């Protein structure tokens, strides 16, 4: 019997041939405020090692891991969730070719239903009378509706971490699919989003007027003390020292995002090319740090995006580079110690996604900046509504405006830059992970 339950595809522990491997994060932090004698976290076995753990009865106290059939899991999680819903909500489809709702899609939708149902049955079995249930993200959007039918006594929350598709865009789904998805989520007493634009979009898709479901905005932020302590370890100090050597005495424009289609890395690079073309005074005087670390390697479009990032970076280096200067410093590692050092050094942060739910990098950088950092932020970034007073606004498709914002950011008077950096840090730490989580739990008392 649990009185507080969480459901997410990914739980706190992963097992490998068995050894246990812990990932932290927002949910670990949030549940650490809840009595561990009263909570249960339901999650999925992510691969063979996790399924073996479940097979042997090996598992963490307060965690229930579900063995969902590998082909049903692939079709639900990689198929519908991470391809079809991810693309829908981020507006990423190449309209002449995708989406395609065919017989195979329908088969994969049936698995998505069955994947969600395994979670709903687990929660239904474990939850005390009137328990609070917090369902996390688009993977489990049918759970609230399924679980409402099994257990009308439960208090059910669901939080979407992505954007929500605009109503016109959402109507690409066949009507029966769209409608099943909306009913799935409308089973909740409370639906949460990071921003009111995402919340409004969901509300418009539902037709307005959904009186049993409270729609709310809980924008996730950062724990200042925790991030600062990590950023000031000697390993970061060391790596920062090496990074200053690599950059030289030059200014920095920093990003660290993986090559995900919504991140808008290419147009960012194009804006950098135009900056160096139009404002030649920056040649030998600035370096753009960017990542070409792959987001995904199992879709053709994602592999082509990563390759285009690599190639465009190399074109810019060949055009403007000298023996002493590399204009784009490309990282292909995923090393958080290096990112923290990049955050500490940054003169300019380039956070220009087409659309996103909440990129925390916009919040993380100002919190750890050693001497101030100007933020170039797109209107589609989830952090936009909270940070727009002290960031330089850019419209994500507008490369010329993005190039000009880089110039304004690079020339921002140092005391203005500090005042902005301090106000950005304040807004960024308003709702750390633990209070973000507790507000959702509190919302289920409403």
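Numbering follows the first chain given and starts at 1.
- In this entry, residue 17 and residue 18 are separated by 4 to 9 residues of the deposited sequence that lack coordinates.
- Taking only CA atoms, the mean B-factor in the PDB entry is higher for 240-248 than for the other of 288-296 and 240-248.
- Looking at 328-336 and 93-101 together, the entry lists the larger mean B-factor for 328-336, computed on C-alpha atoms.
- Taking the deposited Cα B-factors for 192, 178, 207, 219, the highest one is held by 207.
- Out of 75, 281, 260, 137, the entry records its largest CA B-factor for 281.
- Residue-level temperature factors show residue 8 in the lowest third of its chain, judged at the C-alpha atom.
- Sort the modelled residues of the chain by CA B factor and residue 148 lands in the middle third.
- Ranked within its chain, residue 396 lands in the lowest third, by CA B factor from the PDB record.
- The PDB entry assigns residue 253 a C-alpha temperature factor belonging to the middle third of its chain's modelled residues.
- Among the modelled residues of its chain, residue 159 has a C-alpha B-factor that falls in the lowest third, as given in the PDB entry.
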